[PDB]
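Chains as they are written, first to last, in the authors' numbering: chain F, 0 to 94, 204 to 393, 412 to 467; chain E, 0 to 94, 204 to 393, 412 to 467; chain H, 0 to 94, 204 to 393, 412 to 469; chain A, 0 to 94, 204 to 394, 412 to 469; chain D, 0 to 94, 204 to 393, 412 to 469.
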Amino acid sequence: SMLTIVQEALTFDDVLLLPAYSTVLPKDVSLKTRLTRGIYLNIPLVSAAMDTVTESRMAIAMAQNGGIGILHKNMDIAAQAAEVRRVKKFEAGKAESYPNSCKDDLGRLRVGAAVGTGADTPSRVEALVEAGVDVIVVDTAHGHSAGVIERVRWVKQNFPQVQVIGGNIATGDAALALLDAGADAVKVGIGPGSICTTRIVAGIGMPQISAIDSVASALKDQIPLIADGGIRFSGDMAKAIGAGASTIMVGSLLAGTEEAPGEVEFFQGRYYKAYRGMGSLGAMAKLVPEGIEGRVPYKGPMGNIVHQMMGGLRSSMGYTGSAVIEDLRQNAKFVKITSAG
Amino acid sequence: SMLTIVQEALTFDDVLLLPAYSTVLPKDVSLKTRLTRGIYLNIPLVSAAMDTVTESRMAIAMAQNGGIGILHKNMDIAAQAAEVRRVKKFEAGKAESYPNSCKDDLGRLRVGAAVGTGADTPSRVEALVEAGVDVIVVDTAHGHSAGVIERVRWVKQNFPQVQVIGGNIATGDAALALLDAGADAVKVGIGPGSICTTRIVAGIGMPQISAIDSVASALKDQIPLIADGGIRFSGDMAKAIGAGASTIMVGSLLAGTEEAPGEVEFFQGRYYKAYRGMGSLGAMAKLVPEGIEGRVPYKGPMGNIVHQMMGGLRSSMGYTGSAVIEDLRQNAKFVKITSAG
Amino acid sequence: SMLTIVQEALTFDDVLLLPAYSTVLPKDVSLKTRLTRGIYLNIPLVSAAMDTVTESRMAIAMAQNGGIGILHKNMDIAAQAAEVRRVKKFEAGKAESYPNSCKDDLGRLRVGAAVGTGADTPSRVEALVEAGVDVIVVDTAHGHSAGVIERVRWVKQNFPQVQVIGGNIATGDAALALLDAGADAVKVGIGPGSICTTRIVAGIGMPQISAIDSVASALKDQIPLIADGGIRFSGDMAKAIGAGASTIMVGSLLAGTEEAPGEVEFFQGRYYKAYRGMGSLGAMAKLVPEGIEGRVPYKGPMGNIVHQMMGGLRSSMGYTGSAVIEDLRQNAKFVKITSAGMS
Amino acid sequence: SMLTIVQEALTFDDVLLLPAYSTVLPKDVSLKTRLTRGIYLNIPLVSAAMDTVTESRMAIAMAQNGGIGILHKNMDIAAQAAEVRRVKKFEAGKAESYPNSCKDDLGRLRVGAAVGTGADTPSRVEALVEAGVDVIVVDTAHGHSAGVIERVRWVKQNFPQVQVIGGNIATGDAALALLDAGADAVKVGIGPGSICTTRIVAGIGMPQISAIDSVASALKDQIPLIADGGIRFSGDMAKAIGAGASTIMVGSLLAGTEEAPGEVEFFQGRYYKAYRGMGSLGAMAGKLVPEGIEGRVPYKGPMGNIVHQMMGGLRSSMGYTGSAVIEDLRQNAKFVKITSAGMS
Amino acid sequence: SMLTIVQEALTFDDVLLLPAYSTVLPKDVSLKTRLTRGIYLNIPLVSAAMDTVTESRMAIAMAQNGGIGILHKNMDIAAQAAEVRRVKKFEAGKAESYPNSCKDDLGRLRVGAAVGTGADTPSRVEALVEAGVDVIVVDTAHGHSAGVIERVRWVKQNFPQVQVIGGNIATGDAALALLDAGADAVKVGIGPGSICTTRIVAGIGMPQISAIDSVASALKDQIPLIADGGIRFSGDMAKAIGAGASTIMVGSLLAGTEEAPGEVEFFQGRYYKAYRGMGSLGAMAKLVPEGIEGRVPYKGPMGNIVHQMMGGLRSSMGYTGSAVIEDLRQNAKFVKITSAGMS
Ligand SMILES: C[C@H](Nc1ccc2ncc3c(c2c1)CCOC3)C(=O)Nc1ccc(Cl)nc1
Ligand SMILES: C[C@H](Nc1ccc2ncc3c(c2c1)CCOC3)C(=O)Nc1ccc(Cl)nc1
Ligand SMILES: C[C@H](Nc1ccc2ncc3c(c2c1)CCOC3)C(=O)Nc1ccc(Cl)nc1
Ligand SMILES: C[C@H](Nc1ccc2ncc3c(c2c1)CCOC3)C(=O)Nc1ccc(Cl)nc1
Ligand SMILES: C[C@H](Nc1ccc2ncc3c(c2c1)CCOC3)C(=O)Nc1ccc(Cl)nc1
Ligand SMILES: O=c1[nH]cnc2c1ncn2[C@@H]1O[C@H](COP(=O)(O)O)[C@@H](O)[C@H]1O
Ligand SMILES: O=c1[nH]cnc2c1ncn2[C@@H]1O[C@H](COP(=O)(O)O)[C@@H](O)[C@H]1O
Ligand SMILES: O=c1[nH]cnc2c1ncn2[C@@H]1O[C@H](COP(=O)(O)O)[C@@H](O)[C@H]1O
Ligand SMILES: O=c1[nH]cnc2c1ncn2[C@@H]1O[C@H](COP(=O)(O)O)[C@@H](O)[C@H]1O
Ligand SMILES: O=c1[nH]cnc2c1ncn2[C@@H]1O[C@H](COP(=O)(O)O)[C@@H](O)[C@H]1O
């Protein structure tokens, strides 16, 4: 009676995309999309800014495949800036054809970098911009805050030559606040991550399909949104884009690949790599932890998993008659399914 | 807000048929139904066009039991045509009575054959028609496509003497497209198969009860529909027909029978046979796979399982007072149930 | 669009009874109720007409505890009649007191007996009435049928001196058909039984809370209904009565008791008794089977389990302020819960 | 100190056969063997005398494949005699060829039949012999008993025209007692059966490799022995024969085949057939405490495929051991004992 | 009494090596050993002749790491000869250093090739020798057979310029027969493989530690033996060598590496490669199958697994005071442990 229930909110498993009349085969769909209003990608995939997912080796591979990597901020300003320079200066071998590379106007691979909102941020942003970073990601657990909103405005006013992303958010109200602060895109996801315990610790969250819809509906395509967290299968990517996302950010799916940070580890015969939330105890070494720490099976070169995922999205776009990403964003139709489905 | 949710879609487990006033005992119900507007069956069962389910041996057994088999197209044109001749030329032993046999005007067992939409299709259809096939099934993963619609029209205009089925579809819109192209029946099922991973790979699907209803409601009985996939129990068959289906196609339920292709294999003391999606890696050896491959327990002669399944349908029709299949299609009443039941 | 969905139907696990203002303690609640319009019980419990639940030994114990047993029909006419006489003639020892016994006008323990609708039924009913049976249960899987409706009418017209129950049904329409045929009560339950496979084999069923409500709403208390099947806990009994039931029938809960038919068998060091659906292969040994056969753990004397169950019902009536059964039937209020409220 | 431990007794899983110098390929080995001193089989396989394993249908298939079936005795005398006659007079169509059929000197398929030691045994034996049975199996839980010994001698004395097997036994002492009674073979197995609970109920039993060895060592091939119970894999058959068995009897392995008695049951999507010990509760109904269990086995299809697989494994084993004929394996086999780690 | 039990035979899990007085550190031990009397390796590791383990890519990697690969024979003669030549003429690239490479007198990487005893064997041997193969492995399930013994003798008499290995065997008697036939080494292993079902199908086998000991004791170092099958951990390698082996052959350990044949398949979100016995139904497509067919996790570059395995062996040799492989072969002392110590 006094309980304010805004909606019944939906996650990936609550919905299915409907097939529609199609004259496009999966092999012919275009996966080109925009990361921000100023940066386009050749595939809608972004690697998570996590110290077990994205350092320079992953970022290079992501850009070589047409996506982009967000360097995590769990490292010194000098280290993060060197990581940026490694990507911007990377030169492919003489027998290395990457025709879908995501590059800036100077022919250099694109890369992003995460920053916080604390006292070190101005120096960190300056160093990253000096090194040639393409986009600054003001990246916190709660983007709908004075700290994030004002830091986004500060990056936009002081470094207009770089693109800036703000997050994480889960509501249209948060999206409009970041839009008015000057963000070139927003990152959506409070609660969906595979290693998230925010739902348990804080009781806070927004099922990701309804989060994407709420943000996309408010933005009216003024800036794109990145759907961050909860992607377990390629089918989740198609659902996210059909719900309004322009790109997808993944951590678990890229953890354990050769290019992800960390050494492979022998354990019970099998090979593993570490994967941990940035709000886990180890990552933070004050707030109680909001992420778990675990192992993911060794996956080999990231290009394999990326090919599998993009192949699944191509199949979905064939089913929906979507020749280009914007077709899926605009024309997707869903059904809600029950627990039995 | 911008998220288009067409409906909450229901699968078999979401609904139950209600008992109704009955003056018919299960033993006296008639299971006769129509496969296409021109072909009638004595039972509503169709064996899947899969290379672990239906070759000539299964097709003969299906027809002898009053149903029909759809020979899979994972074989050469000449091989598939020889299979058709095997069924059309089959003569039962002089101490074997199959009074419910499904036969053509010439007294030959009926059989169907699957074809695709690619360049080999014209020659394949011509070879199959010449061999005496009763029905051509233009079967793809996505029947709501120009390729399938135009190939169905091509078969109807060029081989009016054969019946043609188009699929697979999941919406009334798709059914009307195939109806207007000349289909004699449509096959319904996107996502429900037991070996299906399309839901996970592409995020695509339609819970099968709502798929049947959407298609049946648009067709208004102008042509019948085949409910293809997701049948695990005889109860599912009754639900599918009550929702509007005229026949049921099954793979898993007939996989592992003696008549299904493949050898029985010893594994942990027990006998199995292989069962795999036609979009599995093995079946395909480029689309990423959308089906799994596994083992199913050995089931002995298919007549046993067919008898069990039809006995359950007879029971259901006794409970609903349905003396003939069309009674169940017209008078079925359902309740929706929760996850607790 | 063409799909006819009558309702979202609820089972026991979908609902909870709400506590209400109470000035009655569980110990002071009255469990008296009516089995039929002419037969009252001292507790709302009926033992199932199953060959692993109710023969004369269970029927005697049920009546002694204030309920009634329905003797199963998986036996010869002379056998079932003898079972009836065993109950009607039973004499308790002068050192055993059962003050709540359910007895007829002659002071004899009450008992019921199931019959079918086939050719043997007229003779079977005649033998059972001759032996003193209190109620005939025309008992089939599908009571909404000409066979059951007309057999109920025949028993009422030819043997007006006995009470008659018809079932099983799951809809108000079926209840009214049996009412018009002269049923003194109806038995409700299509699908809910613990050993049922009808939902899987036939795709047929009605979640039991909605079945009870549909039947009770149509009858408007002209005759009572027996809620048959799916009772796993004492809480299900309160829910069933709150939804409109006057009595509940149980098989699984009384299977494995000392008084149930069958010898104990200890298997892997533990004692069990058989429990099987009457539509199971073994029971029928043609319709495909619609029930399973299994073992239930040994439970000892049935009086204990009956005491546990009625104690749970008494607690619920304390929570709901229900001093008598009819209070719970008339005043119960429910909430619907989600899957997380169950788990 | 006072505890009498005769030996450490070994089961199938305790031992492995060793490879040896070999010149004969598995495809060329001979599987012919003795059932009794007077009856040979073309393969060393006997189907168990159990009402879920062997009636006339199974017995016919066993003989067609070169083995033999023992008809169970859980039926009245007339019924069991009729089962014998069904096997003895079965004629195959000329469209089917069973070149390895096991037949008597008249060209009729061979068959055996079980009898007990109860009061109906004289009439049952007479009826089975009159029906043409090839071998009478005096079949009890405890062959080393006056009852079985006396009944074996009685059959030999009154019906010398039939072969007689006595069992079940587990020691050389028991074997010599049945030999002296006139038995033409002994059946070895107390404890090993898949559905046996004798070990739990009575604390009685003998691991089957040592049982075979104990019996074979005492008999010194004067008569053959049937290794009855505990066979799970073809490898068990080779080990049993290497330990001295001339044939093996199987129940579980042939239960659930098309030819076994009983209808296929549909249970949770899968097909099964019943399999139960003859000392189970249900078997003793239609006063000892039960000593067997009752359950389901997966449906296995035609028994011929199972038999072919088992004999294929034995052919492989004989190739490894350099055994051209069954007697080579019986006389020349070498074993190693393995630890629990070797079994894991 | 008549049962002939040769011994209680031991597998790897039955025994442990004892530490001994030691002066050389693991980093300083020598892992050099001999594959045959004429061929030395820099590490005691051989990749199995299986179509899911060793083709030319794996053989090159084995040789570069100091071991050797045995090319499987499940391919026609021209294909297997071409695989030999691919290894023999492989030339490392610039900035590529493999200081431990195992090479012939001409500086070419070593490689072996399996042959059977079937009708194509004479032509296959001739082609493999002509292609520069270093060792012919006459490889069957049963080396103690006229077929293998006579084929070994044929290779030695007609192609003396090549080394020849015979197997598989499990007894000293078999070892002497192959020695007499002219074998330059024998391969030991009947039953121990990870994918073996010979023990279940045929009841045949010899626990691998006792097999190694029986063979080594009979040979008295006249020729070396390859311990083939059952290796799961680096500790198994040390035990095998301490029991008398000069090299070990592995299949499962190298299956799933990047260099093994076959593509990585995606399954339940994890990556795998096929691994199957050469006696499995899949590989054979008449004997009943004696191996299983499955999938193993993807392991990445084989160099990492080899490095881990050799690291474990170096540790073991540090514990045993073994500065070179022959020290471990000659001086190892064992204890037998119970199933409680294996817990
Ligand atoms: C301890 C916790 N650490 C992290 C770190 C990285 C994250 N990255 C993404 C997301 C979350 C993250 C939480 C949580 C919400 O879902 C997305 C965190 O900072 N908690 C937190 C709680 C409330 C407020 Cl006001 N400020 C911060
Ligand atoms: C690889 C995959 N292979 C199969 C094969 C047989 C099938 N048979 C029935 C069904 C499906 C099947 C998928 C999937 C949908 O549910 C029913 C397939 O062709 N994918 C696909 C995706 C999108 C488009 Cl445009 N075209 C094709
Ligand atoms: C084989 C099956 N045997 C039983 C036996 C006792 C039962 N007792 C109670 C209930 C059911 C029972 C089913 C099933 C429905 O739920 C309550 C049965 O008779 N099937 C059946 C189906 C359709 C029609 Cl027309 N007639 C009968
Ligand atoms: C109850 C039990 N019934 C059976 C029936 C068939 C059997 N068939 C083979 C075997 C056994 C069997 C037991 C048990 C030993 O292992 C082989 C049986 O008769 N017990 C028994 C115990 C002691 C004595 Cl003096 N007499 C008999
Ligand atoms: C079917 C079976 N196929 C294989 C193939 C490769 C093997 N490779 C190594 C090993 C074994 C292998 C068995 C089995 C023993 O352990 C080592 C095989 O040929 N059986 C066999 C049995 C008896 C005889 Cl006389 N000849 C051969
Ligand atoms: O400790 C944490 N708690 C909650 N969310 C986190 C934490 N660390 C990272 N995340 C988020 O989870 C995403 C990874 O989600 P995943 O792809 O489902 O594994 C990241 O991109 C972050 O948005
Ligand atoms: O690889 C595949 N993916 C998805 N659906 C498939 C695939 N192969 C076959 N199907 C469908 O699944 C049906 C069999 O479903 P089932 O009866 O539930 O086993 C077939 O008749 C096809 O419509
Ligand atoms: O074979 C059967 N199938 C379905 N329902 C049955 C069968 N046999 C008995 N029943 C019903 O199940 C009730 C027992 O249900 P329970 O108390 O949940 O064990 C009986 O009173 C009958 O109404
Ligand atoms: O009730 C029983 N208890 C113990 N052994 C039995 C019983 N019934 C049969 N057997 C034995 O078990 C054998 C079958 O063993 P199996 O091949 O391991 O299943 C029969 O041939 C009998 O010797
Ligand atoms: O099918 C088979 N059955 C038994 N042994 C086999 C089979 N295929 C290969 N082997 C042996 O097993 C070894 C590999 O064993 P692993 O290293 O334990 O996986 C090979 O080198 C062969 O000696």
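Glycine included, C-beta positions come from ideal geometry on N, C-alpha and C.
C-alpha distance - residue i paired with residue j, whole-angstrom precision
i	j	result
A:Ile431	E:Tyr380	13 Å
E:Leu333	E:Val260	15 Å
D:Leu34	D:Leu70	15 Å
E:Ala239	E:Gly215	15 Å
A:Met428	D:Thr51	34 Å
F:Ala449	F:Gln456	12 Å
D:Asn73	D:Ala58	15 Å
F:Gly280	F:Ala326	5 Å
D:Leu40	D:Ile463	32 Å
E:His252	A:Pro369	52 Å
Coil, strand or helix - residue i by DSSP
i	result
H:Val223	strand
E:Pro18	coil
H:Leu44	strand
A:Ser0	coil
H:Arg84	helix
F:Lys211	strand
Bridge partner(s) assigned by DSSP for residue i
i	result
D:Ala8	A:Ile463
H:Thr32	H:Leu40
residue 471 of chain D	The structure shown does not extend to residue 471 of chain D, since chain D is modelled only from 0 to 469, so the question has no answer here.
Residue i burial status per 10 Å Cβ neighbour count (16 or more: buried)
i	result
D:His250	buried
A:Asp75	exposed
### Query
What runs of the alpha helix (DSSP H), each 4 residues or longer, lie entirely inside the region 245-291 of chain F?
Whole alpha helix (DSSP H) segments, 4+ residues: 254-266 and 280-289.
#### Entry: Whole beta strand (DSSP E) elements within the region 344-391 of chain F, 3-residue minimum
Whole beta strand (DSSP E) segments, 3+ residues: 355-358, 373-375 and 378-384.
### Message
Report the start-end ranges of each beta strand (DSSP E) in the region 290-336 of chain H that is 3 residues or longer and not cut off at the edges.
### Response
At a cut-off of 3 residues, the continuous stretches assigned as beta strand (DSSP E) that sit fully inside the region 290-336 of chain H are 293-296 and 333-336.
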